[PDB]
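First comes the structure, then the notes that go with it.
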There are 4 protein chains.
Amino acid sequence: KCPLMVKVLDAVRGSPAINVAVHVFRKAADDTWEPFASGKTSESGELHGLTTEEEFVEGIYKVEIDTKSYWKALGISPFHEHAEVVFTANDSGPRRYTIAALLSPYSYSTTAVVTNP
Amino acid sequence: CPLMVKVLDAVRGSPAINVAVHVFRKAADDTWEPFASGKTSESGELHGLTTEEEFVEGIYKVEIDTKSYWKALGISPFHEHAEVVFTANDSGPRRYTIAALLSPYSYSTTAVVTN
Amino acid sequence: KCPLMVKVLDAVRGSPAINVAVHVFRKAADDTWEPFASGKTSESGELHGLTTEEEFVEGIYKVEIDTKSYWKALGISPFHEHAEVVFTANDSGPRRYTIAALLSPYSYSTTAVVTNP
Amino acid sequence: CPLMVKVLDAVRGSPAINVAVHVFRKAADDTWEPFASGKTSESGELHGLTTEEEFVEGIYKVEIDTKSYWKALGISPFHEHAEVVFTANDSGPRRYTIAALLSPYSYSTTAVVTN
Ligand SMILES: C[C@]12CC[C@@H]3c4ccc(O)cc4CC[C@H]3[C@@H]1C[C@@H](Br)[C@@H]2O
Ligand SMILES: C[C@]12CC[C@@H]3c4ccc(O)cc4CC[C@H]3[C@@H]1C[C@@H](Br)[C@@H]2O
């Protein structure tokens, strides 16, 4: 909801990827990754409510999507540990970010849709 | 040499082997005329479809028969085939590689155009 | 709306692809492509209302997305004429189909999300 | 031979040339230890990163420095880099090709694992 949303789809089943764990980190002043927010995708493959416009300040963020556990639960041993998405946010003022990922066992893609509010 | 097709399997992390590929050229009456065809190799590649002489400017379609590939693997697919439609242009680079990455409910295709 | 929706995104701009022409065809009994529906994507990159559950019977359908005109209007000469999506629909009863496409000048992807109503 | 990286540019339909690539291996203290690196060739490829001897089972990360690539082209990009994280497994095929297809606001990566 509002400034950061994550959407995950399954390219094998043509479906939302449900119950996928997502961890967001923010680079701290000492160049370490600090925990920022986390959650799981819903029945629609979406994860809303990770942060607020106030909390989501300028910075470098990493969205980890735990794809390996997703595939393993479906009986599949996939190639990747997780899909990582690393980006600078809000450098030119607040924006609305949708981070999308499309998953296959040995491949994925990831796409950002960015809107000006 | 001027046209190659390369196909990968995103589920198995492998070349997509034995996939039928049909190339067509658009005729003056806007129908698709068979132009060349073959099956992908053990490396997922299909070479020797055409020649510099035959591959003149025009509109081409490459059909990759993905449904039969997934059916052989016992995996239910969405698409009948992947279609790639483009105009060949002499002003650009001399070689077209039409690549495709296949999943049961999604495909990605790219053109790598080089000299 | 209801059983067939098309969504188009621009991978260069990280935005919906707006005002993209979309033509849907259905294979007739004489194995020819008959016009079925058409429209343009909205400001959200979506195209709703192409058909109804009544009209969208079993068959083989082709969704043509006119990507070349889209890129040309942005000053770009792209590789493909259009993105084609060809599929059998409703073979096992009515379903809800979202046909998504992600566009770049020399590449695209397309993905179906299929739901049981 | 056991690890290759191949990078393509979806905007220009070309190999992505001169892209920095850094490989890391996960250490016992869960930090990332520099393992190998290089720049993609004129064919968008990076060979000779490691050896059969050195490429033991473990968790590896391949970072592809996409932001600097797009910046050089004058195109505003979204990601800092593309990351690819995986466990090397001796039970599987002997060669890993890590491929990536780049756009300014989207990337796709595949592992092609072969003998
Ligand atoms: C990058 C790629 C996967 C890797 C492919 C590949 C893999 C190994 C290799 O030796 C060559 C290629 C060329 C096509 C490449 C695909 C084009 C696009 Br459709 C796909 O994302
Ligand atoms: C995952 C996706 C980008 C995000 C798209 C998206 C974005 C926002 C949203 O609300 C829905 C979708 C569904 C299609 C999704 C695409 C399908 C495939 Br063609 C592409 O990789």
Side-chain angles (χ1 to χ4, degrees), chain A residues 5-11 14-17 44-48 65 83 96-104 106-115, chain B residues 4-10 13-16 43-45 64 78 82 84 97-103 105-112 114, chain C residues 5-11 14-17 44-46 65 83 85 98-104 106-113, chain D residues 4-10 13-16 43-47 64 82 95-103 105-114:
Chain A
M5 191 270 280
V6 178
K7 181 159 182 70
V8 189
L9 296 175
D10 176 329
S15 71
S44 66
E46 300 183 354
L47 173 55
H48 299 261
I65 305 176
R96 304 251 202 267
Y97 299 84
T98 297
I99 304 303
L102 177 66
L103 311 184
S104 293
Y106 274 64
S107 180
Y108 62 89
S109 71
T110 185
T111 301
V113 179
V114 183
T115 301
Chain B
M4 306 178 25
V5 178
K6 184 167 180 71
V7 190
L8 292 182
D9 176 332
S14 70
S43 69
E45 294 177 12
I64 303 170
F78 180 77
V84 182
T97 295
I98 303 302
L101 175 68
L102 310 184
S103 296
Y105 270 63
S106 176
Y107 75 86
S108 172
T109 187
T110 312
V112 189
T114 61
Chain C
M5 191 270 280
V6 178
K7 181 159 182 70
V8 189
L9 296 175
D10 176 329
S15 71
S44 66
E46 300 183 354
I65 305 176
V85 179
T98 297
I99 304 303
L102 177 66
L103 311 184
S104 293
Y106 274 64
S107 180
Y108 62 89
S109 71
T110 185
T111 301
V113 179
Chain D
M4 306 178 25
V5 178
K6 184 167 180 71
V7 190
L8 292 182
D9 176 332
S14 70
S43 69
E45 294 177 12
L46 178 52
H47 299 260
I64 303 170
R95 178 182 288 181
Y96 294 176
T97 295
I98 303 302
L101 175 68
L102 310 184
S103 296
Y105 270 63
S106 176
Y107 75 86
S108 172
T109 187
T110 312
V112 189
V113 182
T114 61

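Atoms within each ligand, like the ligands themselves, are counted from 1 in listed order. To find a chain, count down the sequence lines: A is the first, B the second, and so on, and within it residues start at 1.
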Take every heavy atom of A:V113, measure it against each atom of ligand 2, and state whether any distance is under 4.0 Å.
no
Who are the side chain to side chain contact (heavy atoms under 4.5 Å, CB included) partners of A:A83, not counting sequence neighbours?
A:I65, A:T67, A:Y108
In ligand 2, the atoms that come under 4.0 Å of a heavy atom of A:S109 are 21 (O)
Looking only at protein heavy atoms, what sits closest to atom 18 (C) of ligand 2 is C:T111 OG1, 3.4 Å
How far is atom 21 (O) of ligand 1 from its nearest protein heavy atom, and which residue and atom name does that atom have?
D:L101 CB, 3.6 Å
Any non-hydrogen protein atom below 4.0 Å of atom 2 (C) of ligand 1?
no
Students should be able to answer this: which protein heavy-atom is nearest to atom 17 (C) of ligand 2, and at what distance?
C:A100 CB, 3.6 Å
Side chains of C:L9 and C:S15: does their closest heavy-atom pair fall under 4.5 Å?
no
Report the C-alpha distance between D:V7 and D:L102 in whole Å, list the side-chain angles of each, state the deciding distance to 0.1 Å, and finish with yes or no for side-chain contact (heavy atoms from CB on, under 4.5 Å).
CA-CA 7 Å; D:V7 190; D:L102 310 184; 3.6 Å; yes
For B:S108 and D:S108, what are the C-alpha separation, side-chain angles and deciding distance, and is it a side-chain hydrogen bond (donor to acceptor under 3.5 Å, both in side chains)?
CA-CA 9 Å; B:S108 172; D:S108 172; 5.5 Å; no
Among all protein heavy atoms in this structure, tell me which lies nearest to atom 5 (C) of ligand 2, with the distance rounded to 0.1 Å.
C:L9 CD1, 3.4 Å
Run the numbers on B:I98 and B:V84 for side-chain contact (heavy atoms from CB on, under 4.5 Å), then give the verdict.
CA-CA 8 Å; B:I98 303 302; B:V84 182; 4.0 Å; yes
Residues passing the side chain to side chain contact (heavy atoms under 4.5 Å, CB included) test with A:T111, sequence neighbours excluded, are C:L102, D:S106
Which one of A:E46, C:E46, C:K7 has a non-hydrogen atom at the shortest distance from atom 9 (C) of ligand 2?
C:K7
